[PDB]
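Notes to accompany the following structure.
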Amino acid sequence: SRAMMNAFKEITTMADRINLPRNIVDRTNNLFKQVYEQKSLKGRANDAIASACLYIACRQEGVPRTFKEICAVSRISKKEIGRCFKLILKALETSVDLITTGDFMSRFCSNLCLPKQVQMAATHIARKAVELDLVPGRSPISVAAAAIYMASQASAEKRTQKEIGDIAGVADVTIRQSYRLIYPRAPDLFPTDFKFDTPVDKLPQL
Amino acid sequence: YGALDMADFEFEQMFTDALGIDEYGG
């Protein structure tokens with residue numbers, strides 16, 4: 001083992017700077033522990049595999065609304081990062097994608113000190129996506145919950161997927177499924193009323 | 001077939017920023 005101790009240190013260094021909870025480190029340690037003992041992956045890119053597990057760890061509880069805010073290390077061997085990511089992503093699922101029916105209220109999703117401004121914006125984003133049927137991998141309901149997250153992101157609101165997965169009781173992985181092929185090249189989910197609070201333009205990865 | 005799925009997220013890690021700067025290459 002060589003990249004094992006190296007990756008762990010790299011992850012801990014980044015997680016500590018971003019002020020991430022143990023939910024990240026503990027998870028990443030458990031994930032890397034298995035991905036490092038892979039036949040195909042003999043530790044090709046330490047930085048890549050480290051970031052891969054890191055992304056999976058903050059997937060639900062840890063992501064600051066966008067992965068861009070923590071893309072400090074995700075600027076090297078990004079190809080291998082996504083490569084190893086898919087391997088572990090299909091290894092353990094929360095299995096929350098079994099409801100997706102009570103999001104029709106939507107109001108309770110903003111109970112976490114979320115202004116109705118995000119609510120109105122989310123419905124507009126969802127409408128454009130649903131009416132276009134950009135993501136037929138689930139249902140029109142899943143797009144609504146996912147739109148709430150997208151609306152929060154574009155409103156500089158750092159929310160996590162945990163809220164929608166557990167508190168909302170919709171489906172955590174459903175957000176990722178909706179936020180998959182919903183964008184052709186850019187977040188063209190804005191009708192007209194969306195003035196776009198965060199003018200970053202290039203907003204890839206949540 | 002499941003193990004065949006690896007590069008599917010590669011485009012969501014590398015291509016995301018690579019193509020994201022394509023339309024903003026100025």
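The chain as shown is numbered from 1 upward.
Recorded method is solution NMR.
Including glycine, each Cβ sits where the backbone N, Cα and C put it.
Feature annotation from Swiss-Prot across A:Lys33, A:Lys128, A:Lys195, A:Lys202 places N6-acetyllysine at A:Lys128. Within the set A:19-22, A:43-46, A:75-78, A:139-142, the record from Swiss-Prot flags A:139-142 under the feature region 'Core promoter DNA-binding'.
Long-range contacts of the region 'Core promoter DNA-binding' (A:139-142) within its own chain (CB-CB distance under 8 A, at least 6 residues past either end) are made by residues 100-101, 103-104, 126, 130, 170-171, 174-175, 177-178. All protein chains shown were included, and the count of other CB atoms within 10 Å of the CB of A:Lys128 (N6-acetyllysine) stands at 19. The DSSP secondary structure for A:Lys128 (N6-acetyllysine) is helix.
Look at the repeat '2' (A:108-184): DSSP puts its residues at 48 helix, 0 strand, 29 coil.
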